[PDB]
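This report refers to the structure that appears directly beneath it.
Any value given below was found using the heavy atoms of this structure, including those in side chains, with hydrogens, waters and symmetry copies removed. First the proteins, then the strands, lettered A, B, ... as listed; each starts at 1. First listed ligand is number 1; within each ligand, the first listed atom is number 1.
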20 protein chains.
Amino acid sequence: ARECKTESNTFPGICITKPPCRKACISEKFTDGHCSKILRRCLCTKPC
Amino acid sequence: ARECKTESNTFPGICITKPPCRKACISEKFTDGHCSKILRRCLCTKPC
Amino acid sequence: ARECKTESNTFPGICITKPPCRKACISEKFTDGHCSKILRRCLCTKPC
Amino acid sequence: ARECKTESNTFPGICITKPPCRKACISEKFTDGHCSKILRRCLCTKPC
Amino acid sequence: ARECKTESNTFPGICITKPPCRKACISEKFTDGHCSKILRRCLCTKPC
Amino acid sequence: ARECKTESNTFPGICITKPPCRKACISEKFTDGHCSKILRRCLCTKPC
Amino acid sequence: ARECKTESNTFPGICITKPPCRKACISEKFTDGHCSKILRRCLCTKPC
Amino acid sequence: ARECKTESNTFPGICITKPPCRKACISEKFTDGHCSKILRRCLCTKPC
Amino acid sequence: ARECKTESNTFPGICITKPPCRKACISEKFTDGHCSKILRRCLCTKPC
Amino acid sequence: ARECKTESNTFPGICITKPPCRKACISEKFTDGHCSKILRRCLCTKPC
Amino acid sequence: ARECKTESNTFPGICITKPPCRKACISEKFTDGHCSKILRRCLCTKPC
Amino acid sequence: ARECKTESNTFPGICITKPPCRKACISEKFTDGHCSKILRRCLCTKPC
Amino acid sequence: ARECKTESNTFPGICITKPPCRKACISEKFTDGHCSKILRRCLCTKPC
Amino acid sequence: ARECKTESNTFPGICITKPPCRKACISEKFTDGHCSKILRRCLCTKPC
Amino acid sequence: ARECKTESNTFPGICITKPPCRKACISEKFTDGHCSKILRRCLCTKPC
Amino acid sequence: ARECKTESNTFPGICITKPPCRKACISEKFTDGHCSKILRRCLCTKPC
Amino acid sequence: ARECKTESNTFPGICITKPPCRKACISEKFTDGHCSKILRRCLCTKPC
Amino acid sequence: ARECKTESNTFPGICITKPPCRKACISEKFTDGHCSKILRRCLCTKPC
Amino acid sequence: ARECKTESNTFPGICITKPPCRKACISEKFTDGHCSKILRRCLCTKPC
Amino acid sequence: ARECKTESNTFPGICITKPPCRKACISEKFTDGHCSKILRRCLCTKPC
Ligand SMILES: CCCCCCCC(=O)OC[C@H](COP(=O)([O-])O)OC(=O)CCCCCCC
Ligand SMILES: CCCCCCCC(=O)OC[C@H](COP(=O)([O-])O)OC(=O)CCCCCCC
Ligand SMILES: CCCCCCCC(=O)OC[C@H](COP(=O)([O-])O)OC(=O)CCCCCCC
Ligand SMILES: CCCCCCCC(=O)OC[C@H](COP(=O)([O-])O)OC(=O)CCCCCCC
Ligand SMILES: CCCCCCCC(=O)OC[C@H](COP(=O)([O-])O)OC(=O)CCCCCCC
Ligand SMILES: CCCCCCCC(=O)OC[C@H](COP(=O)([O-])O)OC(=O)CCCCCCC
Ligand SMILES: CCCCCCCC(=O)OC[C@H](COP(=O)([O-])O)OC(=O)CCCCCCC
Ligand SMILES: CCCCCCCC(=O)OC[C@H](COP(=O)([O-])O)OC(=O)CCCCCCC
Ligand SMILES: CCCCCCCC(=O)OC[C@H](COP(=O)([O-])O)OC(=O)CCCCCCC
Ligand SMILES: CCCCCCCC(=O)OC[C@H](COP(=O)([O-])O)OC(=O)CCCCCCC
Ligand SMILES: CCCCCCCC(=O)OC[C@H](COP(=O)([O-])O)OC(=O)CCCCCCC
Ligand SMILES: CCCCCCCC(=O)OC[C@H](COP(=O)([O-])O)OC(=O)CCCCCCC
Ligand SMILES: CCCCCCCC(=O)OC[C@H](COP(=O)([O-])O)OC(=O)CCCCCCC
Ligand SMILES: CCCCCCCC(=O)OC[C@H](COP(=O)([O-])O)OC(=O)CCCCCCC
């Protein structure tokens, strides 16, 4: 029931809102995505 | 008695006013929603 | 799945290492526990 | 390589050197482990 | 013919983009919806 | 019920007093008319 | 006296001037309302 | 269903963890308490 | 030699960079797209 | 029936009332014309 | 100008400000209390 | 193709309507001209 | 002499410093590039 | 009296506050416990 | 295997997202690249 | 038994071994003394 | 009575707490393990 | 000749002086080793 | 199989070799004695 | 296979040369002896 995390490699530009990062991360065969707090990076998550 | 919390997967845009976040969170099968103070993100809530 | 988060009420002192906060969260009928990055608060996580 | 990350559940104490974190992460069925640069936390990794 | 407008009753929060305001007005049995320039309210429009 | 609003397409000049604007709006098949507060435009109102 | 506060759940748009927010808050069975300083939210107030 | 909110009158110092603020708020005849995110104030909550 | 404008009805989220808004506007059978200045709305353009 | 918009290029002066802008826009082979809210520019509209 | 010092055994949480520690220390039948500078421990004091 | 922009060299005064700014830009051997949304600067455009 | 400017259509990520934006713009057949102040966009420039 | 010390073999994690180390040390049939200054080791003491 | 590290020679500016650093590092005959946490340097990696 | 602590008033010089510090503390109406770890200060102890 | 020591071949990383060093040394068919005071290495001891 | 770096995985304890770390690195098929400045980690180096 | 530790109260001077400190600790009703590493104090040990 | 080490209990005086310490160590049922580099203590070694 762990949540593994890695940075998106297909997300363009600044990560401001969640649905775009979640959509790109799901496209990368992950389950969810969210933005980082400081550098606005789109992080992909999936169970592991 | 204890409120659990997670970020909304469907809420678009910046979380400014509460009602739009509560509506998106209730649609996601939660009991309420609210914005984060700093990053302005829609956080869904439900009893743990 | 979705991960829900809430602050623990039994963890004493500052949260430095994860196992102690994880232990108190499992004691609080949760799945995992981790420390916050700035104020070092013990946060309990579990499926929503 | 692209690596998924999650914090070690079993690693005790401050993460200073890599081998102790790697040892706990491998025991948790992960490929490797490393210390976070700032907060000094043992993060487990596996290919993604 | 002429276009009559009135404030929406189901649109929550601040009117930023048009599709959300336009969708609520159609559910309110109007033909179109647009955001007010200043106060950012959802104005529903239909033929008079 | 709700009040639908549209500008007058027959009122000439500045909208200073109410009776002339109401009189023009009733001729335009509306129930009432009033002046806008800043630009002094004659506005016609009727039930939606 | 001690005043309790909550954000309005009926106020549409951004909060520029006080009277529109005060009106919505009073319809919500509060005694007054005012605009937040930065994000221009409508905050309702009433004695606790 | 409305959560009224006001700052605690008995909580001393800065609000870091929830239990100390919730404890002081219940002693003030409120149902819960939490820390403000930025100013770290202790805010008491009860149904309006 | 004039350009017709309308807001996108398929663009997701906030318009920061141009290429994403141009791509969504082309899918809506326009020729180009650009962001609004403040509210960051994706505006579609095409020859009138 | 999406509405495409462009600024008038024959309207002289400042757009206060709608009839002058609508008449100028129809002479420009558009279906309607309305004033902008702040700068009072005449804006022509027609189906996209 | 001497004070006998011992660590508090009732102070919960992090010791950032003086008031919370001094409050818990007086309840422990001491006269004052202050926080340690690094680990943020509550230290009670009383005249020797 | 791609459109490059630069502020006009000859346009006198504040840029409110488009036709005046378009004339000055064409006189400067550019294609079109438009106003900036904030400082109201006349911006000339031509293919990059 | 006169500097013509457009936004890059190839620059990936946040524009914090100049050299990364300058390198992308030269590949785009421009001569220089700089970052926007607020949203940190890469803007390419070249002589008109 | 004469006081002897030995490192605790049951205290988990980092020794921050005294009560956890004291409780673990008394569990080991000792009389008191405190933390070392630098490495934060839980040291158990008892009459020797 | 183990990963050797060295700072990229061709990476301009600071390292924000991974794909830019990975691309420059691969062109320098390395297998991967990532950003340093604090100084935001592009560090090229290859098996060792 | 709870132990109170303060630095000696009369201990001459740098605290290295225990007996000299204990002697000065017993003279100062305390029960025992010991050296601090870093600055090597003689610290007197007695029950609170 | 007499005791001989040697460096541990199994203990990884820095030697902070005694139990992990004793556990590795017992696994190396020694009777006890402890950390060297300075270089913080795990030393294995057994009857000599 | 560009040099590559990897943290040692056999060096015991903290890294105070170079020779002990350099010796462990050569046994790891590297050419040299040195201590990190703050956390005193043994870092192995060899030509890339 | 657990050694308790206390500083000698009879050994004079600095502790260089083991036999002298060991002898002084035997007279103090202890099993063994050894020097501290840096300050060269005589430490007496006996089973807990 | 492994060299176990302990301090000699028969060597008198300073340890300047190896042969004198080796002779005393061999007399103590050991294989070899050597001087410590700073304190000049005679240390006996033998297979573990
Ligand atoms: C200096 C006092 C304040 C504490 C600094 C803490 C640094 C920190 O939080 O690093 C993480 C942050 C990147 O965040 P993100 O990539 O997860 O969005 O950091 C960065 O992006 C790195 C740059 C940090 C600022 C420059 C170095 C001092
Ligand atoms: C002008 C300074 C005024 C005082 C600032 C101090 C406020 C404060 O305590 O912030 C801590 C907050 C929550 O911390 P934690 O519970 O996650 O450890 O964590 C954060 O604020 C970080 C999360 C937000 C990330 C975006 C920061 C730009
Ligand atoms: C020929 C000169 C034209 C400009 C001078 C008058 C400005 C103006 O048009 O204000 C009125 C207009 C809407 O008013 P109305 O059409 O409802 O009467 O728009 C507004 O109410 C704009 C409000 C401006 C303040 C915004 C910040 C709170
Ligand atoms: C000590 C006096 C107060 C200053 C420190 C407290 C920070 C603070 O009040 O943040 C401002 C703002 C709050 O919005 P509002 O709901 O109060 O209108 O919310 C935000 O900041 C939202 C995030 C974006 C940052 C501001 C952008 C303009
Ligand atoms: C006095 C200096 C002001 C400088 C900025 C001027 C305001 C401005 O240009 O607002 C643009 C925005 C329209 O959104 P957009 O679709 O054009 O991005 O319009 C609005 O958001 C209208 C409501 C603005 C309310 C502001 C309240 C503080
Ligand atoms: C250097 C600072 C300059 C600030 C004033 C900017 C003036 C300006 O361009 O306002 C016009 C803009 C849109 O007007 P319009 O083309 O719809 O008539 O209006 C809007 O976008 C709506 C908001 C206007 C009022 C803003 C009050 C904060
Ligand atoms: C590898 C293990 C890392 C452990 C990290 C935590 C150590 C630490 O914070 O020690 C604090 C201690 C006293 O702190 P306090 O309780 O007075 O706030 O220290 C001092 O007051 C002395 C200052 C530091 C002197 C020694 C430097 C290592
Ligand atoms: C190639 C660089 C382009 C600008 C980079 C980002 C900063 C910015 O937006 O400044 C300009 C902007 C005016 O917008 P516009 O009317 O020029 O489109 O903002 C203002 O008008 C505010 C600043 C100027 C007035 C300051 C008054 C204290
Ligand atoms: C604290 C936040 C201030 C900016 C609010 C709007 C946020 C936003 O998306 O601004 C983008 C826009 C263009 O800036 P840039 O992305 O080109 O650097 O920026 C502007 O046009 C800003 C103009 C501000 C003029 C103010 C004059 C009083
Ligand atoms: C480069 C500086 C080297 C300092 C260490 C050498 C001296 C040493 O180890 O002294 C023993 C001390 C034990 O402290 P404690 O057991 O009383 O908490 O342990 C420490 O003080 C260990 C601190 C080492 C921490 C280094 C960063 C991880
Ligand atoms: C920075 C200016 C010089 C140091 C001033 C003293 C700072 C201070 O109050 O440190 C006290 C603290 C605890 O020492 P002790 O009472 O446990 O021996 O920890 C220490 O004494 C650790 C610091 C030792 C190293 C001093 C600077 C080289
Ligand atoms: C003056 C102390 C704070 C600044 C230390 C120097 C800044 C720095 O390089 O931080 C990163 C550094 C990495 O250690 P190393 O692997 O390079 O030895 O080490 C750390 O991140 C460890 C932080 C040390 C303080 C820990 C809390 C007491
Ligand atoms: C930066 C990390 C390391 C800082 C010092 C850590 C504490 C430390 O090593 O204390 C023990 C040592 C003497 O101990 P001992 O010989 O009495 O057992 O030393 C002292 O008593 C400390 C006195 C200060 C001078 C130490 C010189 C090596
Ligand atoms: C205030 C007292 C300062 C130290 C004075 C005493 C030094 C001392 O006794 O050094 C020898 C001893 C180990 O010696 P030996 O048993 O290997 O011959 O211990 C050491 O080698 C410890 C070296 C000191 C720390 C060096 C920096 C980490």
Side-chain angles (χ1 to χ4, degrees), chain A residues 5 7 14-15 34-43, chain B residues 39, chain C residues 37-38, chain D residues 5 13-17 20 35-40, chain I residues 34-38, chain K residues 39, chain L residues 5-7 14-16 34-43, chain M residues 3-7 13-16 18 21 32-45, chain N residues 5 7 14-15 34-43, chain O residues 14-18 34-41, chain P residues 35-38, chain Q residues 13-18 34-41, chain R residues 13-17 35-42, chain S residues 5 36-39:
Chain A
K5 182 157 60 69
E7 196 181 307
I14 299 187
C15 197
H34 65 273
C35 304
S36 64
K37 304 195 184 306
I38 295 187
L39 280 191
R40 302 301 184 180
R41 299 181 300 108
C42 168
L43 311 179
Chain B
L39 288 182
Chain C
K37 298 189 179 301
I38 294 195
Chain D
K5 295 188 306 302
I14 301 296
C15 198
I16 309 173
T17 56
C35 303
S36 62
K37 190 69 176 183
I38 304 178
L39 287 183
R40 309 312 308 180
Chain I
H34 69 273
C35 307
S36 65
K37 199 59 178 177
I38 284 80
Chain K
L39 285 176
Chain L
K5 67 170 185 175
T6 181
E7 181 163 5
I14 305 303
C15 196
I16 294 197
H34 65 264
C35 305
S36 66
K37 293 296 179 173
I38 299 303
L39 293 174
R40 311 309 302 181
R41 302 172 300 116
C42 171
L43 304 182
Chain M
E3 186 165 312
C4 276
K5 177 181 55 186
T6 185
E7 176 176 325
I14 311 188
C15 199
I16 296 187
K18 182 183 185 64
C21 177
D32 203 5
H34 59 274
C35 301
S36 67
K37 299 290 173 274
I38 297 181
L39 299 184
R40 313 310 301 183
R41 301 176 297 112
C42 172
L43 303 174
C44 299
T45 55
Chain N
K5 72 166 185 174
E7 198 182 299
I14 299 181
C15 198
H34 64 283
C35 302
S36 67
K37 225 55 183 179
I38 293 86
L39 291 176
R40 314 308 306 183
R41 300 176 297 108
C42 173
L43 307 174
Chain O
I14 65 179
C15 194
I16 300 306
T17 52
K18 182 183 178 62
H34 66 270
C35 305
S36 67
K37 202 60 177 182
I38 306 174
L39 302 170
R40 310 311 304 182
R41 298 174 180 175
Chain P
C35 304
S36 67
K37 188 59 62 182
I38 302 303
Chain Q
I14 304 177
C15 198
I16 299 177
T17 46
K18 179 186 177 64
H34 73 280
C35 305
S36 60
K37 197 56 179 292
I38 301 167
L39 293 181
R40 307 313 307 181
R41 301 179 186 181
Chain R
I14 56 179
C15 197
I16 290 186
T17 59
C35 302
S36 65
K37 280 292 157 290
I38 309 304
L39 294 177
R40 315 307 305 185
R41 299 176 300 112
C42 175
Chain S
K5 163 181 172 176
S36 69
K37 210 62 178 184
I38 302 182
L39 291 182

If you compare all heavy atoms of O/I38 against all heavy atoms of D/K37, which two are closest, and at what distance to 0.1 Å?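 Heavy atoms of O/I38 and D/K37 come nearest at CD1-CG, 4.0 Å.
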
Looking only at non-hydrogen atoms, find the nearest pair between M/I14 and A/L39 and report the distance.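 For M/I14 and A/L39, the tightest heavy-atom pair comes out as CD1-O, 3.1 Å.
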
State the atoms of ligand 8, each with its element, that fall below the 4.0 Å cut-off from a heavy-atom position in M/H34.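 Answer, ordered by atom number: 1 (C).
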
Which atoms of ligand 8 are found less than 4.0 Å from any heavy atom of M/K5?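 Matching atoms, with element in brackets: 1 (C).
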
List, for ligand 1, each N/O atom that has a protein N/O partner under 3.5 Å away, with both atom names and the distance.
| unit_1 | atom_1 | unit_2 | atom_2 | d |
| --- | --- | --- | --- | --- |
| ligand 1 | 16 (O) | A/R41 | NE | 3.0 |
| ligand 1 | 16 (O) | A/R41 | NH2 | 3.4 |
| ligand 1 | 18 (O) | A/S36 | OG | 2.9 |
| ligand 1 | 18 (O) | A/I38 | N | 3.2 |
| ligand 1 | 18 (O) | A/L39 | N | 2.6 |

Using a 3.5 Å distance criterion without hydrogens, assess whether the side chain of M/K18 forms a donor-acceptor pair with backbone atoms of M/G33.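 A pair under 3.5 Å: yes.
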
Ignoring hydrogens and geometry, is there a side-chain-to-backbone donor-acceptor pair from Q/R40 to R/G13 under 3.5 Å?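 Not confirmed, Q/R40 side chain does not pair with R/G13 backbone.
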
Apply disulfide (SG to SG under 2.5 Å) to N/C42 and N/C35, showing your working. CA-CA 5 Å; N/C42 173; N/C35 302; over 6 Å; no

First locate atom OG of O/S36, then atom NE2 of O/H34, and finally report the distance between them rounded to the nearest 0.5 Å.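 The distance works out to 7.5 Å.
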
Stepwise salt bridge (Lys or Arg N to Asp or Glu O under 4.0 Å) test for L/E7 and L/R41: CA-CA 7 Å; L/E7 181 163 5; L/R41 302 172 300 116; 3.0 Å; yes

